[PDB]
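Student: Questions regarding the structure given below will be posed in turn.
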């Protein structure tokens, strides 16, 4: 969320750009909606789907040590 | 609330000296409750009369530029 | 350490303290109106209790099954919780008490049935996978008799069909404003009813059994609505006490953060002044 | 209002001593009317600029600095 | 209690060189009885005052200060 | 005698009349001052009170009567003060819509306040 | 994992994960209290009290401080004890039963001596 | 108002007030939902969407990237346009056709091209 790229978009390939757009959108959405989920009201399904989506984004964006992945 | 006139009260005209003593207490009662008024229908006339005449106090004390009002 | 971060933490804690104090004032007003409703119910309740005492205790009259104890094949549970959260030990005490009585005496899933009031109890007994047969949730903060009347008629009719065979109430008795003792009372056997001071012999116009099977459902519904007014008063008092405790916790947190702010403020000024004077001494 | 007021200007492009000497010129123009018997109202717009220009003068003259390098 | 105690006084009005040397004088008066086999108790009322006076005595010597301006 | 139409919500009329008469579930009935201690359920019908020549009608619903020779105390789960029998159904429908709106209103008010607390305590957590 | 072992590594990371989640919950517990947490955060607090008390240990050097004789714990046994705390096997014990204890059989012994 | 004029000042302050009121409803709409606010606040977010899209323009510079030839909008015409959106004249047009238009008549010249 705080990490900035100042080129970004001109760096990426076309295939990474197409899907990194919507990945940035729903990860920002999950970072916003996680603020209202530590206590209290147990939010409805319409953004519980977005929280589950965002938890899967966070679980995708993890790696191991010294395992780089190709672009494809 | 934060502004003070350490000579004040003895600098006022005798007409304002009778009237400002109520206005200090009215605006001091309103600015404590100004953040408590976004939600709550709590008291019918005990602390909503304070909010009503404090909002009217704040609306009275506004001005436009270049139009000084005489003391009377 | 990080003077601006301590300042923003002081400001955020002041905003939380103001929000919790405003919730405390709202909850004090709703506790006052809940006590007014609980007081306005009382002249109905004395005269219903008086008529039930003078009728059911005069000359036997154990014909209606609500006055006699039948052999227990099942057991109903009437649970009154809150619908909205931010009450500290209001819902947790009642739900733990119901859960431990159920796990104590029954240990069989179809041997009991649970009637919840509020969404907290409903979510509790759905996460524990229990039968939650009636679901009157989304009630107001100041309820009337007309919206508890439908589930009260249904939970009296589910005794009158022969399903529950007895049932219990679980709620928080508002005792005085800080305690809110959780109580268990007993519904439909009416064996433990008490006589009044002056016992009078009424003359029964249709019959006696017709008086009983019109009135004793209304007596049970008045007991349920009295327990629910009690539970709403203890709900609003519990949320009042919870927001007062949250405001006091936020204020003592503000106090320790201002001690840290003054330490960091003094250390910042002495750091800046010794660096200015060292940069001045480097030239001389 | 320019039938009775006096405007004394030390704008930011002027050097630091004129910024330093603007308010003392204000009271030195006001005390004439004060000791003649009149009533004066002197308005010092942003004395913090004047304090910073006196900080600049004291630092470039090698005077020992205090807090926030104000002398 | 004055049959065995010795009071070494450095006031608040005394200069920082006497405040700096009061605990060392107390220890040097206790070591005479310690190295003869006697047992000595020495009490320092507010060594924070000695540290503040040594901060004074070091900054007047223009030694560069550290954390909380102590040397 | 003192007649008092009493609802579980609150008292309705609670004054003194000359001769109150109402129809029970068995049938018609009248109450003169000094009546026997009598108990009879009521049907969904009005209760006339006969204050001289006024005859103020009180429509009880559910309803239950206990008459003591000074303490007529009619116990009705729904009771309008000025009423002919048809007004209680429309009044119950109007108050049921109004109280569904009130339940929605105070639940939303609590949720607005709780989101204010969630945002302020999120900012306290981010401030570290 | 190539040095310390995969079971050791993932038990250590799960311990750090629950302690970091409890450290994030510290402010809510300080102001609102424990009663607001959503039944998984209550469990994370309920396990993290046990973890941060079970990391404490009685020493041989600290026998002169308190009289308690001290303990030496092998690596596989503290891995097994933290895996059994994280599985939920010791949720019924009091949280003050885990303080200053070598291995988790002594947790069970100290909780029996307390009277659970 | 002594610099920009009086009409421009009232229109700009009312646009600031309604966008501030829509900013205060950000968490309520995002969390609690859209169908539950009220009327006289759904009207506020209704006009605020049309306002915060009409503030955007098609630039002359972006002609090489989008194709539309761009626009220079005088101050009196944007004051008139925001006054007409604040009065409620254009509440029946969609929340598109306020995106990337110069003048206020281009809103209806785009909305007749898309829909009603």
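Residue numbers (the authors' numbering), protein chains in the order written: chain A, 360 to 431; chain B, 360 to 431; chain C, 2 to 285; chain D, 217 to 287; chain E, 217 to 287; chain F, 4 to 131; chain G, 356 to 471; chain H, 356 to 471.
No residue lacks a Cβ here, since even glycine has one placed at the ideal position from N, Cα and C.
#1: To the nearest angstrom, report how far apart residue 18(C) and residue 88(C) are at their CA atoms.
#2: Just to confirm before moving on: does the CB-CB distance between residue 416(A) and residue 386(A) stay below 7 Å?
#3: Compare the beta carbon distance of residue 63(F) and residue 45(F) with 7 Å and say whether it is the shorter of the two.
#4: Could you check whether the Cβ of residue 382(G) sits closer than 7 Å to any Cβ belonging to chain F?
#5: To which residues does DSSP link residue 184(C) through a beta bridge?
#6: Tell me which same chain residues have a C-beta within less than 8 Å of the C-beta of residue 370(G), skipping the five on either side of it?
#7: Per DSSP, which residues does residue 48(F) bridge with? Please list them.
#8: Could you check whether the Cβ of residue 197(C) sits closer than 7 Å to any Cβ belonging to chain G?
#9: At the level of alpha carbons, what is the spacing between residue 212(C) and residue 169(C)?
#10: Please tell me whether residue 379(A) has its Cβ less than 7 Å away from any Cβ of chain F.
#11: Taking only the alpha-carbon atoms, compute the straight-line gap between residue 234(E) and residue 120(F) and give it to the nearest angstrom.
#12: Using the beta-carbon of each residue, which ones in chain C are nearer than 7 Å to residue 29(F)?
#13: Are there 16 or more other CB atoms within 10 angstroms of the CB of residue 401(A), so buried, or fewer, so exposed?
#14: Please list the terminal residues of the continuous alpha helix (DSSP H) segment that includes residue 128(C).
#15: State the start and end residues of the unbroken beta strand (DSSP E) segment that holds residue 388(B).
#16: Would you verify that the beta carbon of residue 127(F) is, or is not, closer than 7 Å to some beta carbon of chain G?
#17: Starting from the C-beta of residue 376(B), find all residues in its chain whose C-beta is less than 7 Å away, skip the five residues before and the five after it, and write them out in chain order.
#18: Give me the subset of the stretch 385-397 of chain B whose CB atoms are less than 7 Å from a CB atom of chain F, sorted by chain position.
#19: Report buried or exposed for residue 381(B), applying the criterion of at least 16 other Cβ atoms within 10 angstroms of its Cβ.
#20: Where does the unbroken alpha helix (DSSP H) through residue 32(F) begin, and where does it stop?
#21: Do you know whose CA, among 256(C), 198(C), 154(C), 176(C), lies nearest residue 221(C)'s CA?
#22: How about residue 138(C) and residue 84(C): are their beta carbons less than 7 Å apart?
#23: Pick from 53(C), 109(C), 124(C): whose alpha carbon is nearest that of residue 74(C)?
#24: Nearest to residue 389(A) by alpha carbon, out of 362(A), 413(A), 398(A)?
#25: Is residue 204(C) closer than 7 Å to residue 39(F) when the C-beta atoms are compared?
#26: When we look at the beta-carbon of residue 379(H) and count the other beta-carbons within 10 Å, is it buried (16 or more) or exposed?
#27: If we define contact as Cβ-Cβ less than 7 Å, is residue 396(G) a contact residue for chain C?
#28: Could you tell me which of 425(G), 401(G), 427(G), 385(G) sits nearest to residue 443(G), measuring between CA atoms?
#29: For my contact list, residue 4(C) and residue 228(C) are in at a C-beta cut-off of 8 Å; report their separation, rounded to the angstrom.
#30: Can you tell me the Cα-Cα spacing of residue 274(C) and residue 268(E), whole angstroms?
#31: Report the residue from 365(G), 387(G), 398(G) whose alpha carbon sits nearest the alpha carbon of residue 496(G).
#32: So, residue 198(C) versus residue 35(C), is the Cβ gap smaller than 7 Å?
#33: Which one or two residues does DSSP pair with residue 431(A) in a beta bridge?
#34: With DSSP as the reference, please indicate the residues paired to residue 216(C) in a beta bridge.
#35: Using the C-alpha atoms, what's the distance from residue 259(E) back to residue 217(E)?
#36: Against residue 391(G), what residues of chain A qualify as contacts under a CB-to-CB distance less than 7 Å, listed in chain order?
Tutor: With the structure as the only source:
#1: 16 Å
#2: yes
#3: yes
#4: yes
#5: 172(C)
#6: 406, 437, 441
#7: 63(F)
#8: no
#9: 24 Å
#10: no
#11: 58 Å
#12: 206, 207
#13: exposed
#14: 120-128
#15: From DSSP, residue 388(B) is part of no beta strand (DSSP E) but of the alpha helix (DSSP H) over 373-392.
#16: yes
#17: 368
#18: none
#19: exposed
#20: From DSSP, residue 32(F) is part of no alpha helix (DSSP H) but of the beta strand (DSSP E) over 31-34.
#21: 154(C)
#22: yes
#23: 109(C)
#24: 413(A)
#25: yes
#26: exposed
#27: no
#28: 401(G)
#29: With a Cβ gap of about 55 Å, residue 4(C) and residue 228(C) do not count as contacting.
#30: 18 Å
#31: Outside the modelled stretch of chain G, which goes from 356 to 471, sits residue 496(G), for which no answer is possible.
#32: no
#33: In DSSP, residue 431(A) forms no bridge with anything.
#34: Note: residue 216(C) sits in no beta bridge, so no partner.
#35: 14 Å
#36: 398, 399
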